[PDB]
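Engineer: What follows is the file input02.txt, containing compact mmCIF, N, CA and C atoms:
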# COMPACT_ATOMS: atom_id res chain seq x y z
N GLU A 1 1.79 13.97 2.21
CA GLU A 1 0.85 13.00 1.66
C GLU A 1 1.58 11.95 0.84
N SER A 2 1.50 10.68 1.25
CA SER A 2 2.17 9.63 0.49
C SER A 2 1.42 8.31 0.65
N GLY A 3 2.11 7.18 0.51
CA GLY A 3 1.45 5.90 0.73
C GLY A 3 2.14 4.99 1.73
N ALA A 4 2.64 5.57 2.81
CA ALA A 4 3.57 4.86 3.68
C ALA A 4 2.88 3.82 4.56
N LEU A 5 3.56 2.69 4.74
CA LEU A 5 3.08 1.51 5.45
C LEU A 5 4.14 0.97 6.39
N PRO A 6 3.74 0.36 7.49
CA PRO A 6 4.70 -0.27 8.40
C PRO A 6 5.06 -1.67 7.92
N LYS A 7 6.01 -2.29 8.65
CA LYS A 7 6.55 -3.59 8.24
C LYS A 7 5.48 -4.68 8.14
N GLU A 8 4.44 -4.60 8.97
CA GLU A 8 3.46 -5.67 9.08
C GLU A 8 2.35 -5.60 8.03
N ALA A 9 2.30 -4.54 7.23
CA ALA A 9 1.27 -4.45 6.20
C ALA A 9 1.45 -5.55 5.15
N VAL A 10 0.34 -6.01 4.58
CA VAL A 10 0.37 -7.13 3.64
C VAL A 10 -0.02 -6.64 2.25
N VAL A 11 0.77 -7.04 1.25
CA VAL A 11 0.54 -6.70 -0.15
C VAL A 11 0.68 -7.97 -0.96
N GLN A 12 0.17 -7.94 -2.19
CA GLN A 12 0.25 -9.06 -3.12
C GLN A 12 1.21 -8.69 -4.24
N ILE A 13 2.24 -9.51 -4.46
CA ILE A 13 3.29 -9.14 -5.40
C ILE A 13 3.54 -10.24 -6.42
N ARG A 14 4.25 -9.85 -7.49
CA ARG A 14 4.74 -10.77 -8.50
C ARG A 14 6.22 -10.50 -8.68
N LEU A 15 7.03 -11.55 -8.57
CA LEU A 15 8.48 -11.47 -8.77
C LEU A 15 8.81 -12.05 -10.13
N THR A 16 9.69 -11.39 -10.87
CA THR A 16 10.19 -11.94 -12.12
C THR A 16 11.71 -11.91 -12.12
N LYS A 17 12.31 -13.01 -12.58
CA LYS A 17 13.76 -13.10 -12.74
C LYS A 17 14.04 -14.07 -13.89
N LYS A 18 14.53 -13.54 -15.01
CA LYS A 18 15.01 -14.35 -16.13
C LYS A 18 14.03 -15.47 -16.50
N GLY A 19 12.80 -15.09 -16.77
CA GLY A 19 11.78 -16.02 -17.17
C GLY A 19 11.03 -16.68 -16.03
N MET A 20 11.58 -16.67 -14.82
CA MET A 20 10.87 -17.21 -13.66
C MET A 20 9.93 -16.18 -13.07
N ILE A 21 8.71 -16.63 -12.77
CA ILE A 21 7.66 -15.78 -12.21
C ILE A 21 7.12 -16.42 -10.93
N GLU A 22 6.89 -15.60 -9.91
CA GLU A 22 6.28 -16.09 -8.68
C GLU A 22 5.30 -15.03 -8.18
N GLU A 23 4.13 -15.46 -7.72
CA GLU A 23 3.12 -14.54 -7.21
C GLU A 23 2.72 -14.98 -5.82
N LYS A 24 2.76 -14.06 -4.86
CA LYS A 24 2.37 -14.43 -3.50
C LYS A 24 2.13 -13.18 -2.66
N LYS A 25 1.44 -13.38 -1.54
CA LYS A 25 1.31 -12.36 -0.52
C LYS A 25 2.59 -12.27 0.30
N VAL A 26 2.96 -11.04 0.67
CA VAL A 26 4.11 -10.79 1.54
C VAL A 26 3.79 -9.63 2.46
N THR A 27 4.53 -9.55 3.56
CA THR A 27 4.52 -8.33 4.35
C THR A 27 5.44 -7.30 3.71
N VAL A 28 5.25 -6.04 4.11
CA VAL A 28 6.12 -4.97 3.62
C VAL A 28 7.56 -5.18 4.05
N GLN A 29 7.79 -5.78 5.23
CA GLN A 29 9.15 -6.13 5.63
C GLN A 29 9.77 -7.11 4.64
N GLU A 30 9.03 -8.16 4.27
CA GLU A 30 9.53 -9.11 3.27
C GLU A 30 9.71 -8.43 1.92
N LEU A 31 8.78 -7.55 1.54
CA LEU A 31 8.91 -6.82 0.28
C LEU A 31 10.21 -6.02 0.24
N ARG A 32 10.53 -5.31 1.33
CA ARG A 32 11.77 -4.55 1.36
C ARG A 32 12.98 -5.45 1.13
N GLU A 33 13.00 -6.61 1.79
CA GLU A 33 14.10 -7.56 1.61
C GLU A 33 14.19 -8.03 0.16
N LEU A 34 13.05 -8.38 -0.43
CA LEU A 34 13.05 -8.80 -1.83
C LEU A 34 13.53 -7.68 -2.74
N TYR A 35 13.05 -6.46 -2.50
CA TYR A 35 13.47 -5.32 -3.31
C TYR A 35 14.97 -5.13 -3.24
N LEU A 36 15.52 -5.14 -2.02
CA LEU A 36 16.94 -4.83 -1.85
C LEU A 36 17.86 -5.95 -2.33
N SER A 37 17.33 -7.15 -2.56
CA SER A 37 18.16 -8.22 -3.13
C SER A 37 18.63 -7.88 -4.54
N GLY A 38 17.90 -7.04 -5.26
CA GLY A 38 18.21 -6.72 -6.64
C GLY A 38 18.03 -7.86 -7.62
N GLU A 39 17.46 -8.98 -7.19
CA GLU A 39 17.36 -10.15 -8.04
C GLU A 39 16.13 -10.13 -8.94
N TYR A 40 15.14 -9.30 -8.63
CA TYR A 40 13.83 -9.40 -9.26
C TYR A 40 13.36 -8.06 -9.78
N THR A 41 12.55 -8.12 -10.83
CA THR A 41 11.57 -7.08 -11.08
C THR A 41 10.35 -7.39 -10.23
N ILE A 42 9.86 -6.40 -9.50
CA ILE A 42 8.74 -6.62 -8.59
C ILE A 42 7.54 -5.83 -9.08
N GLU A 43 6.41 -6.51 -9.20
CA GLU A 43 5.12 -5.88 -9.44
C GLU A 43 4.24 -6.03 -8.20
N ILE A 44 3.33 -5.09 -8.02
CA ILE A 44 2.37 -5.16 -6.92
C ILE A 44 0.96 -5.17 -7.49
N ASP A 45 0.06 -5.89 -6.83
CA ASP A 45 -1.32 -5.93 -7.28
C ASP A 45 -2.03 -4.63 -6.93
N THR A 46 -2.84 -4.15 -7.87
CA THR A 46 -3.50 -2.85 -7.81
C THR A 46 -4.86 -2.98 -8.47
N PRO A 47 -5.75 -2.00 -8.30
CA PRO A 47 -7.01 -2.02 -9.07
C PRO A 47 -6.79 -1.88 -10.57
N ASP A 48 -5.58 -1.52 -11.00
CA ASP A 48 -5.20 -1.49 -12.40
C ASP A 48 -4.46 -2.75 -12.83
N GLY A 49 -4.58 -3.82 -12.06
CA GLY A 49 -3.81 -5.02 -12.30
C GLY A 49 -2.43 -4.89 -11.70
N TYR A 50 -1.58 -5.88 -11.99
CA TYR A 50 -0.21 -5.81 -11.52
C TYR A 50 0.51 -4.64 -12.18
N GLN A 51 1.23 -3.87 -11.38
CA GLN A 51 2.01 -2.75 -11.90
C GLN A 51 3.39 -2.78 -11.25
N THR A 52 4.40 -2.33 -12.00
CA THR A 52 5.79 -2.44 -11.56
C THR A 52 6.12 -1.41 -10.48
N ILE A 53 6.86 -1.86 -9.47
CA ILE A 53 7.41 -0.98 -8.45
C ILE A 53 8.68 -0.36 -9.01
N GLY A 54 8.76 0.96 -8.95
CA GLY A 54 9.98 1.66 -9.34
C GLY A 54 10.82 1.95 -8.12
N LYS A 55 10.83 3.20 -7.67
CA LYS A 55 11.65 3.55 -6.52
C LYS A 55 11.07 2.98 -5.23
N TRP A 56 11.94 2.82 -4.24
CA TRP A 56 11.58 2.50 -2.87
C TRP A 56 11.92 3.69 -1.98
N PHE A 57 11.15 3.87 -0.90
CA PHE A 57 11.41 4.93 0.07
C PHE A 57 11.41 4.37 1.49
N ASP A 58 12.53 4.53 2.19
CA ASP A 58 12.53 4.40 3.64
C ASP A 58 12.09 5.73 4.23
N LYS A 59 10.95 5.75 4.93
CA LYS A 59 10.33 7.01 5.35
C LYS A 59 10.67 7.43 6.78
N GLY A 60 11.44 6.65 7.52
CA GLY A 60 11.66 6.99 8.92
C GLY A 60 10.47 6.60 9.79
N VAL A 61 10.31 7.33 10.90
CA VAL A 61 9.28 7.04 11.89
C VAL A 61 8.16 8.05 11.73
N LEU A 62 6.94 7.57 11.53
CA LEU A 62 5.79 8.44 11.31
C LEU A 62 4.67 8.06 12.27
N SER A 63 3.79 9.03 12.52
CA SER A 63 2.55 8.76 13.23
C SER A 63 1.67 7.81 12.43
N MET A 64 0.93 6.97 13.15
CA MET A 64 0.19 5.89 12.53
C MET A 64 -1.27 5.92 12.92
N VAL A 65 -2.10 5.34 12.05
CA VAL A 65 -3.52 5.22 12.32
C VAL A 65 -4.00 3.87 11.82
N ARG A 66 -4.97 3.32 12.53
CA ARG A 66 -5.62 2.06 12.17
C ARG A 66 -6.97 2.38 11.53
N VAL A 67 -7.21 1.84 10.34
CA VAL A 67 -8.45 2.06 9.60
C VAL A 67 -9.02 0.70 9.25
N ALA A 68 -10.31 0.49 9.50
CA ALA A 68 -10.90 -0.79 9.17
C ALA A 68 -12.25 -0.61 8.48
N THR A 69 -12.53 -1.50 7.53
CA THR A 69 -13.86 -1.71 6.98
C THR A 69 -14.37 -3.05 7.52
N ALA A 70 -15.50 -3.51 6.98
CA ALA A 70 -16.03 -4.80 7.41
C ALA A 70 -15.08 -5.94 7.07
N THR A 71 -14.34 -5.83 5.96
CA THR A 71 -13.50 -6.92 5.45
C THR A 71 -12.01 -6.71 5.67
N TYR A 72 -11.55 -5.47 5.72
CA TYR A 72 -10.13 -5.16 5.69
C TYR A 72 -9.75 -4.26 6.85
N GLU A 73 -8.49 -4.38 7.29
CA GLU A 73 -7.92 -3.50 8.30
C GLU A 73 -6.49 -3.19 7.92
N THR A 74 -6.12 -1.92 8.02
CA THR A 74 -4.76 -1.46 7.77
C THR A 74 -4.29 -0.61 8.94
N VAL A 75 -3.01 -0.73 9.26
CA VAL A 75 -2.31 0.26 10.06
C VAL A 75 -1.39 0.98 9.10
N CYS A 76 -1.54 2.29 8.99
CA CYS A 76 -0.80 3.04 7.97
C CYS A 76 -0.41 4.41 8.52
N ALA A 77 0.50 5.07 7.81
CA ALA A 77 0.90 6.40 8.24
C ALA A 77 -0.31 7.35 8.26
N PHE A 78 -0.24 8.33 9.15
CA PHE A 78 -1.34 9.28 9.28
C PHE A 78 -1.65 9.96 7.95
N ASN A 79 -0.63 10.18 7.10
CA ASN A 79 -0.81 10.86 5.82
C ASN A 79 -0.79 9.89 4.64
N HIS A 80 -1.00 8.60 4.90
CA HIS A 80 -1.19 7.58 3.88
C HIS A 80 -2.52 7.84 3.17
N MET A 81 -2.48 7.99 1.84
CA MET A 81 -3.68 8.37 1.11
C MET A 81 -4.47 7.16 0.64
N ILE A 82 -5.76 7.22 0.93
CA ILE A 82 -6.72 6.16 0.63
C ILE A 82 -7.73 6.71 -0.37
N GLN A 83 -8.14 5.87 -1.31
CA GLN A 83 -8.99 6.32 -2.41
C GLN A 83 -10.46 6.20 -2.00
N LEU A 84 -11.18 7.32 -2.06
CA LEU A 84 -12.61 7.34 -1.81
C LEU A 84 -13.36 6.72 -2.98
N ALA A 85 -14.64 6.43 -2.74
CA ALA A 85 -15.51 5.90 -3.79
C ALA A 85 -15.50 6.77 -5.04
N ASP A 86 -15.40 8.09 -4.88
CA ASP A 86 -15.45 8.98 -6.04
C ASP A 86 -14.11 9.14 -6.76
N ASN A 87 -13.09 8.35 -6.43
CA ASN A 87 -11.73 8.33 -6.98
C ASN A 87 -10.81 9.36 -6.35
N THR A 88 -11.31 10.27 -5.49
CA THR A 88 -10.41 11.25 -4.90
C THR A 88 -9.65 10.61 -3.75
N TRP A 89 -8.63 11.32 -3.26
CA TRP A 89 -7.72 10.81 -2.25
C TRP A 89 -7.87 11.55 -0.93
N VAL A 90 -7.83 10.81 0.19
CA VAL A 90 -7.92 11.41 1.52
C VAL A 90 -6.86 10.77 2.42
N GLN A 91 -6.22 11.59 3.27
CA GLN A 91 -5.30 11.05 4.25
C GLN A 91 -6.04 10.16 5.24
N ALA A 92 -5.39 9.06 5.63
CA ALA A 92 -6.02 8.10 6.52
C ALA A 92 -6.48 8.75 7.82
N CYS A 93 -5.68 9.66 8.37
CA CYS A 93 -6.05 10.29 9.63
C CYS A 93 -7.27 11.19 9.49
N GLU A 94 -7.68 11.53 8.27
CA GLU A 94 -8.85 12.37 8.04
C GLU A 94 -10.10 11.57 7.72
N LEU A 95 -10.03 10.25 7.72
CA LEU A 95 -11.22 9.45 7.47
C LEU A 95 -12.12 9.45 8.69
N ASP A 96 -13.41 9.33 8.44
CA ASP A 96 -14.41 9.29 9.50
C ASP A 96 -15.34 8.12 9.26
N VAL A 97 -16.00 7.66 10.33
CA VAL A 97 -16.85 6.48 10.23
C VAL A 97 -17.95 6.73 9.21
N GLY A 98 -18.14 5.76 8.32
CA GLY A 98 -19.13 5.82 7.26
C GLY A 98 -18.58 6.13 5.88
N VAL A 99 -17.42 6.81 5.80
CA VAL A 99 -16.87 7.19 4.50
C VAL A 99 -16.72 5.98 3.60
N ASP A 100 -17.20 6.09 2.36
CA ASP A 100 -17.06 5.01 1.39
C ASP A 100 -15.68 5.07 0.72
N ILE A 101 -14.93 3.97 0.79
CA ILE A 101 -13.58 3.90 0.24
C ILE A 101 -13.48 2.69 -0.70
N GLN A 102 -12.45 2.72 -1.55
CA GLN A 102 -12.23 1.63 -2.50
C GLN A 102 -11.37 0.55 -1.85
N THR A 103 -11.80 -0.71 -2.03
CA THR A 103 -11.07 -1.86 -1.51
C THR A 103 -11.02 -2.94 -2.58
N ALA A 104 -10.24 -3.99 -2.30
CA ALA A 104 -10.20 -5.13 -3.21
C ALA A 104 -11.53 -5.87 -3.30
N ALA A 105 -12.48 -5.57 -2.42
CA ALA A 105 -13.81 -6.15 -2.48
C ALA A 105 -14.85 -5.16 -2.99
N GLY A 106 -14.42 -4.03 -3.54
CA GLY A 106 -15.34 -2.99 -3.96
C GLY A 106 -15.45 -1.89 -2.92
N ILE A 107 -16.48 -1.06 -3.09
CA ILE A 107 -16.72 0.04 -2.16
C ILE A 107 -17.17 -0.52 -0.82
N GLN A 108 -16.54 -0.06 0.27
CA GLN A 108 -16.94 -0.42 1.62
C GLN A 108 -16.85 0.82 2.49
N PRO A 109 -17.75 0.98 3.45
CA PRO A 109 -17.66 2.13 4.37
C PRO A 109 -16.68 1.86 5.50
N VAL A 110 -16.00 2.93 5.92
CA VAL A 110 -15.09 2.84 7.05
C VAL A 110 -15.88 2.60 8.32
N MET A 111 -15.44 1.63 9.12
CA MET A 111 -16.14 1.31 10.36
C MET A 111 -15.36 1.74 11.60
N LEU A 112 -14.04 1.91 11.44
CA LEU A 112 -13.15 2.18 12.56
C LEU A 112 -11.99 3.05 12.10
N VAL A 113 -11.66 4.07 12.90
CA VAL A 113 -10.46 4.90 12.72
C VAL A 113 -9.87 5.13 14.10
N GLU A 114 -8.61 4.76 14.29
CA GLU A 114 -7.99 4.82 15.61
C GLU A 114 -6.52 5.19 15.49
N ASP A 115 -6.11 6.29 16.12
CA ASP A 115 -4.69 6.61 16.16
C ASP A 115 -3.93 5.56 16.97
N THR A 116 -2.70 5.27 16.55
CA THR A 116 -1.89 4.27 17.25
C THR A 116 -0.46 4.79 17.36
N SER A 117 0.46 3.92 17.75
CA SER A 117 1.82 4.34 18.09
C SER A 117 2.66 4.58 16.84
N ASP A 118 3.61 5.52 16.96
CA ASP A 118 4.56 5.81 15.89
C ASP A 118 5.33 4.55 15.48
N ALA A 119 5.59 4.40 14.17
CA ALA A 119 6.31 3.23 13.67
C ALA A 119 7.20 3.58 12.48
N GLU A 120 8.23 2.75 12.26
CA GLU A 120 9.00 2.81 11.02
C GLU A 120 8.12 2.47 9.82
N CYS A 121 8.29 3.22 8.73
CA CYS A 121 7.43 2.95 7.59
C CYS A 121 8.16 3.17 6.28
N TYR A 122 7.50 2.73 5.22
CA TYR A 122 8.08 2.56 3.90
C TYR A 122 7.05 2.94 2.85
N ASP A 123 7.55 3.38 1.71
CA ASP A 123 6.71 3.76 0.58
C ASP A 123 7.42 3.30 -0.69
N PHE A 124 6.75 3.42 -1.83
CA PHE A 124 7.37 3.05 -3.10
C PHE A 124 6.58 3.69 -4.22
N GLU A 125 7.21 3.74 -5.39
CA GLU A 125 6.60 4.24 -6.61
C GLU A 125 5.96 3.09 -7.37
N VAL A 126 4.75 3.32 -7.89
CA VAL A 126 4.09 2.38 -8.79
C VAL A 126 4.08 3.01 -10.18
N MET A 127 4.57 2.27 -11.17
CA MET A 127 4.79 2.84 -12.50
C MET A 127 3.51 2.81 -13.37
N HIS A 128 2.48 3.53 -12.93
CA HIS A 128 1.19 3.61 -13.61
C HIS A 128 0.65 5.01 -13.31
N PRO A 129 -0.02 5.68 -14.25
CA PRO A 129 -0.48 7.05 -13.97
C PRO A 129 -1.47 7.16 -12.81
N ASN A 130 -2.18 6.08 -12.45
CA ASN A 130 -3.04 6.14 -11.27
C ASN A 130 -2.26 6.05 -9.97
N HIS A 131 -1.03 5.52 -10.01
CA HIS A 131 -0.12 5.48 -8.87
C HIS A 131 -0.79 4.92 -7.61
N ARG A 132 -1.46 3.78 -7.76
CA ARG A 132 -2.21 3.21 -6.65
C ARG A 132 -1.97 1.71 -6.56
N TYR A 133 -2.28 1.15 -5.40
CA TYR A 133 -2.05 -0.27 -5.14
C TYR A 133 -2.97 -0.71 -4.01
N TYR A 134 -3.05 -2.03 -3.81
CA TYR A 134 -3.78 -2.56 -2.66
C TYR A 134 -2.83 -2.71 -1.47
N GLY A 135 -3.13 -2.01 -0.38
CA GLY A 135 -2.37 -2.19 0.84
C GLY A 135 -3.31 -2.69 1.93
N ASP A 136 -3.08 -3.91 2.41
CA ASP A 136 -4.03 -4.57 3.32
C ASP A 136 -5.44 -4.62 2.72
N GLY A 137 -5.54 -4.71 1.39
CA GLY A 137 -6.81 -4.77 0.70
C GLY A 137 -7.48 -3.44 0.45
N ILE A 138 -6.88 -2.33 0.87
CA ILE A 138 -7.47 -1.00 0.73
C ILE A 138 -6.68 -0.25 -0.33
N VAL A 139 -7.39 0.46 -1.21
CA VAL A 139 -6.72 1.14 -2.31
C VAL A 139 -5.96 2.35 -1.77
N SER A 140 -4.65 2.37 -2.01
CA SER A 140 -3.72 3.32 -1.44
C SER A 140 -2.94 4.00 -2.55
N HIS A 141 -2.47 5.22 -2.28
CA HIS A 141 -1.65 5.94 -3.23
C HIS A 141 -0.18 5.61 -3.02
N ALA A 142 0.53 5.33 -4.10
CA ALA A 142 1.95 5.04 -4.02
C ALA A 142 2.73 6.33 -4.22
N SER A 143 3.60 6.63 -3.26
CA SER A 143 4.39 7.87 -3.24
C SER A 143 3.51 9.10 -3.11
N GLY A 144 4.08 10.27 -3.37
CA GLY A 144 3.31 11.49 -3.34
C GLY A 144 2.55 11.73 -4.64
N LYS A 145 1.47 12.51 -4.51
CA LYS A 145 0.55 12.98 -5.56
C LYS A 145 -0.88 12.88 -5.03
Rewrite the structure of this file - the entire thing - as structure tokens.
Structural biologist:
Amino acid sequence: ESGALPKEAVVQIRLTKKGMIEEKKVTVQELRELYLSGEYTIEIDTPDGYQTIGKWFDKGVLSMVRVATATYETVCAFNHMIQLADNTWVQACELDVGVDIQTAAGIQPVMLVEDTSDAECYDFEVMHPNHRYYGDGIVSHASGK
């Protein structure tokens, strides 16, 4: 159980370097490149506001699933944890149509769940006790827990 995402997933980040600040959307592929440059402190947007990324994880190749609500769609690892309306966590592959989940637009029910092809994926630590972030607009758990 973690928060693993493929290269094409979109997140909202804030870069800081010696007084310079930049905020923008990036793909996880771009995020990895920015992280590995070592030039920035990187924060990610979360339901707890911007929170700092600590460790990074290259996760190898994992099974993937596509999950969509009316507003958002993510392709994520089968064991990528998504936050239900009641604050508890469920693996993406265990979601079923109708389940209410937390998104950047509030609670929305899942409309689509579809297994897809194995892909390279990535995870990271968020330095907040809720350990969560927005991944493709859906509230996701960062790392294990």
Engineer: Between A:28, A:119, A:104, A:97, single out the one closest to residue 59 (chain A), counting only N, CA and C atoms.
Structural biologist: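 For residue 59 (chain A), the nearest of the given residues is A:119.
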Engineer: Can you list, as an MDAnalysis selection string, every residue of region 14-131 of chain A that DSSP puts in alpha helix (DSSP H)?
Structural biologist: chainID A and resid 28:37
Engineer: May I ask for the distance between CA of residue 124 (chain A) and CA of residue 11 (chain A), given in Å to one decimal place?
Structural biologist: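 Computed distance, CA of residue 124 (chain A) to CA of residue 11 (chain A), equals 12.3 Å.
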Engineer: Where does DSSP see strand (DSSP E) in chain A, if you list the residues as a ChimeraX atom specification?
Structural biologist: /A:5-6,10-17,20-27,41-44,51-68,73-77,81-83,89-91,100-103,106-109,112-126,132-135,138-141
Engineer: Nearest to residue 29 (chain A) among A:6, A:47, A:106, A:54, with distances taken over all atoms listed in the file: which residue is it?
Structural biologist: A:6
Engineer: Just to confirm, what's the straight-line distance from CA of residue 89 (chain A) to atom N of residue 27 (chain A) in Å (one decimal)?
Structural biologist: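 Separation of CA of residue 89 (chain A) and atom N of residue 27 (chain A): 24.5 Å.
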Engineer: Excluding region 72-81 of chain A and residues on its chain fewer than 2 positions from it, collect all residues at most 5 Å away from it, counting all atoms listed in the file, and give them as a VMD selection string.
Structural biologist: chain A and resid 1 to 5 63 to 70 83 90 to 93 140 to 141
Engineer: Near residue 46 (chain A), within 5 Å and counting all atoms listed in the file, which residues show up once chain neighbours fewer than 6 positions away are dropped, as a PyMOL selection string?
Structural biologist: chain A and resi 132-134
Engineer: For the selection you just gave me, I'd like the residues written to a file as a PDB file, in the frame of the given file, keeping N, CA and C atoms.
Structural biologist:
ATOM      1  N   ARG A 132      -1.460   3.780  -7.760  1.00  0.00           N
ATOM      2  CA  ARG A 132      -2.210   3.210  -6.650  1.00  0.00           C
ATOM      3  C   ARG A 132      -1.970   1.710  -6.560  1.00  0.00           C
ATOM      4  N   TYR A 133      -2.280   1.150  -5.400  1.00  0.00           N
ATOM      5  CA  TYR A 133      -2.050  -0.270  -5.140  1.00  0.00           C
ATOM      6  C   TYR A 133      -2.970  -0.710  -4.010  1.00  0.00           C
ATOM      7  N   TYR A 134      -3.050  -2.030  -3.810  1.00  0.00           N
ATOM      8  CA  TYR A 134      -3.780  -2.560  -2.660  1.00  0.00           C
ATOM      9  C   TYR A 134      -2.830  -2.710  -1.470  1.00  0.00           C
TER      10      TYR A 134
END
Engineer: What does the distance from CA of residue 44 (chain A) to CA of residue 13 (chain A) come to in Å, to one decimal?
Structural biologist: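 For CA of residue 44 (chain A) relative to CA of residue 13 (chain A), the distance reads 4.4 Å.
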Engineer: Quick one: of A:136, A:143, A:95, A:62, who's nearest to residue 118 (chain A), counting only C-alpha atoms?
Structural biologist: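 So, comparing all the options, the nearest one is A:62.
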Engineer: Using only C-alpha atoms, pick whichever of A:43, A:58, A:94, A:114 has the shortest atom-to-atom distance to residue 17 (chain A).
Structural biologist: A:43
Engineer: From the set A:110, A:42, A:7, A:123, which residue has the shortest atom-to-atom contact distance to residue 55 (chain A), counting all atoms listed in the file?
Structural biologist: A:123
Engineer: When you count all atoms listed in the file, which of these residues is closest to residue 102 (chain A): A:51, A:87, A:12, A:116?
Structural biologist: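 Looking at the shortest contact to residue 102 (chain A), the residue is A:87.
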Engineer: Select, counting all atoms listed in the file, all protein, DNA and RNA residues no farther than 8 Å from (-14.4, -1.0, -2.3) in file coordinates, and express the selection as a PyMOL selection string.
Structural biologist: chain A and resi 84-85+100-109+137-139
Engineer: Identify the residues within 9 Å of coordinate (5.6, -10.3, -7.8) (same frame as the file), considering only C-alpha atoms, and give the answer as a ChimeraX atom specification.
Structural biologist: /A:12-16,21-25,40-45,50,52
